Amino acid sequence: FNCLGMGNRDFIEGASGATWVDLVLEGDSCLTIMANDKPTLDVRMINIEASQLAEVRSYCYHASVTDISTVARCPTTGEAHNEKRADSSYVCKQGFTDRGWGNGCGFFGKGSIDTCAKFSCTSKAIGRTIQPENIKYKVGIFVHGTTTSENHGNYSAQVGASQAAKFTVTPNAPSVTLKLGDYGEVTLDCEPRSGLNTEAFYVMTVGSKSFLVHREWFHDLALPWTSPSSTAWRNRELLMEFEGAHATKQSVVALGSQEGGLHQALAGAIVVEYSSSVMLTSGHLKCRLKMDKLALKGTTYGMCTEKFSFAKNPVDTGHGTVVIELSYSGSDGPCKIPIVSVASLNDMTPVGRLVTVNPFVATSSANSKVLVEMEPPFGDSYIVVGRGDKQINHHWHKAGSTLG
């Protein structure tokens, strides 16, 4: 639900003195937001849920052809009529067959036939339309408070400490205030109506899969169709072959399923999960994250007085940061972790910066663990933890591409 470890992570820095930041969150992106005097926040799109889908029409890709009958007349006795032309379920076709004395006619020549067969649809793809007002954006937010290697990405654990929440914004309720315990509150003013091209396509369901197809390409589809406004199948003939007629009988058969060809045409189309409501992969939700009522807690606790150790030594996170896990030996917590990223032990001016702002031991229990993410400078530096003569340190070297 938060960012550390994700492939797609971006860092957004609030401008100087600004209590808010503009965000563009997408289906796959995880954003880490850092603003002056604010705890660091992760924000990520979880999903987009469109609920009230309405059918536009259906196409049969697999038809059933049964109950074939042919009525026949001799040459010169007029056109055959098959009484099944009265049943709207049946497809009928006028034809002719060679007749003569050998097959029951007094005259030789073309005898009339009329051949019918029941058409039913075995499998159909249903096209549905999305209404822009029935679109829920679900978003996860995480505050970089105290966490461990083990629990950092554990949602229920972070909810536990008032350090994460999930919430929904809709066109109708595009703004949400959510309290984060002692951190106070953040609001998100989003623009859910300018997030998705809702009506430039349909949701089409084909078997176990559903797609986002063009709504024009969908109309031009060459298959038998039904609408709410036309319950009877039209263009049924597309899925049927009237075979060669002979004497007084004629075969009629349905094509095999056309599903495979649909998945063919549906190559570059987005795939989406559909049950009662559709879940959209692609998100483009703009939001303003407001942090005027968010606070950095723990900024004035006394500094932890006892020794720390590295439970996990620093590793490059691949996001242009470095992360450690500390274990704190003391039982004087809650307390502020003295930690800085410096150029040398002889000069303690902070040159690196913390992503986990204001790292904090939050319990009086001994040996609790605290994960800290930071951005050391390029070249050599040291991570120095602890104060006075309890300090520990670790060298770091941050480099980039080798020669090439």
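Note that residue numbering follows the sequence shown and begins at 1.
Stretches compared: 215-223, 287-295. Higher mean C-alpha B-factor in the entry: 215-223. When the two stretches 139-147 and 122-130 are set side by side, the higher mean Cα temperature factor goes to 122-130. Out of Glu55, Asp37, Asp42, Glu375, the entry records its largest CA B-factor for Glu55.
In this entry, the residue among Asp98, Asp332, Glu83, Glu325 with the greatest C-alpha B factor is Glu83. Ranked by Cα temperature factor within the chain, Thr177 sits in the middle third according to the deposited record. When the modelled residues of the chain are ordered by their C-alpha B factor, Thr70 lands in the middle third. Residue-level temperature factors show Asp189 in the middle third of its chain, judged at the C-alpha atom. Sort the chain's modelled residues by C-alpha temperature factor and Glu259 lands in the highest third, per the entry.
In the deposited entry, the Cα temperature factor of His246 sits in the top third of values across the chain's modelled residues.
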